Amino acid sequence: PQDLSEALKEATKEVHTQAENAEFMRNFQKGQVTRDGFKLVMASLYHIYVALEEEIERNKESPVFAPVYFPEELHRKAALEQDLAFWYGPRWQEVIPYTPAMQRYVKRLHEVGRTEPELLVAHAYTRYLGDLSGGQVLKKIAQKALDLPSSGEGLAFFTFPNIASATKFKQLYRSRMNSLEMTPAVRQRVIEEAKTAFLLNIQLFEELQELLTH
């Protein structure tokens, strides 16, 4: 359509369906991804979010990003730090894995942030809106289909606490995506970054399945 949000949802529809069928996300819902596998996901999110969120911070203030900047509602870095300390312990920072597929993903994020910040909005949409779309049904699959000790920790990533309703927030985020000012050339690229974004996730899933199978 002519609304960026709707353009994004339509384009990335097939790649998105590829992830629905990925071997890793099927076991990750069939409720049987090992505690090892879960921790690799969390570790993956951390590195990604750290990247996404440095570059968002670098580009906040810029017309290409300002309008979709909601730091309090969306930031995930602290939430993942809390979680990783529970999953990996007090020295999580030194022990967490950092694989080729995570770095791939993280590489693109710094590139876009540093040279094509006008595309950063493609990664925000894919990350935030999708994560917000699943942090609910997923968190259950997780916890119940996971452990945990009588913890009270380890699943904070799945709650955006400064967002009372995900629905009301998405709508406002899309709204704000739609008044993003953009050349038709840039817009086509942002669209194509949304696909690249999904692809980076897919390659990440395929890598984590490799590591978790032998």
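Residue positions are given as counts along the sequence shown, with the first one as 1. In this text, the rigid core denotes the largest set of C-alpha atoms whose superposition between the two forms falls within 1.5 Å.
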Notebook entry, point to check: Taking C-alpha RMS after core alignment, which stretch differs more from the shown form in 5 other deposited structures of this protein: 135 to 143, or 76 to 84?
Noted result: 135 to 143
Note to self: Aligning on the core, I want to see which stretch wanders more in 5 other deposited structures of this protein. Is it 30 to 38 or 54 to 62 by C-alpha RMS?
What the structure shows: 30 to 38
Notebook entry, point to check: On average, are the C-alpha B-factors higher in 173 to 181 or in 41 to 49?
Noted result: 173 to 181
Item checked: Segment of higher mean CA temperature factor, 142 to 150 or 50 to 58 -> 142 to 150
Checklist line | Candidate residues 82, 103, 93, 136, the one whose C-alpha B factor the record puts highest | finding: 136
Next item on the list: Would you check the entry's CA temperature factor for residue 31 and let me know if it's in the chain's lowest, middle or highest third?
Entry: highest
